[PDB]
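First, one chain by itself: the form solved without the ligand, in structure tokens.
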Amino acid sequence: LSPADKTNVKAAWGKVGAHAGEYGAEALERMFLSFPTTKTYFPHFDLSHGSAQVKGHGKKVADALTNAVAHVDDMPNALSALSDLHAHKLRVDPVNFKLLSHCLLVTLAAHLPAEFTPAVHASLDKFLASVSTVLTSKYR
């Protein structure tokens, strides 16, 4: 993760702002509609458009990512609680992290076009791959 990558990611996520929760929930919906295998992780959740649970869960993902854009230099210690929750408890297949990362990128391209340049696209992809490595690093 280059200095320019950090510069691009902080800028791209800076233009997200209050729309964070809206973006996280859109990316989750994009994931559930495009990749049905991902739905099985949420049987208790109502997964219809504009459901309270997906809207609420979207904010959490977005805020965790905001925490990650802040603690970019020391991400493994920052997301430690999540790393154990996803791997040890929820048992999330690493494949599904790729699926959410792409859907997060699709949400960013659809909402921030002027900001979604090839260079920023790369940095954002590199960063989401870093988050995903950190959240799948605690497998026993």
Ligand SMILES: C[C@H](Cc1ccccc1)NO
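Each residue number is its position in the shown sequence, starting from 1.
The next section is about a form of this same protein that is not shown, the form solved in complex with the ligand.
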Although the ligand is absent from this view, report whether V69 comes within 4.5 Å of it in the deposited bound form, heavy atoms only. yes
State yes or no: in the deposited bound form, is some non-hydrogen atom of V16 no more than 4.5 angstroms from a non-hydrogen atom of the ligand? yes
Exercise: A20 in contact with the ligand in the deposited bound form, heavy atom 4.5 Å: yes
Are there residues in 93 to 110 with a heavy atom within 4.5 Å of the ligand in the deposited bound form, and which are they, in order? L104, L108
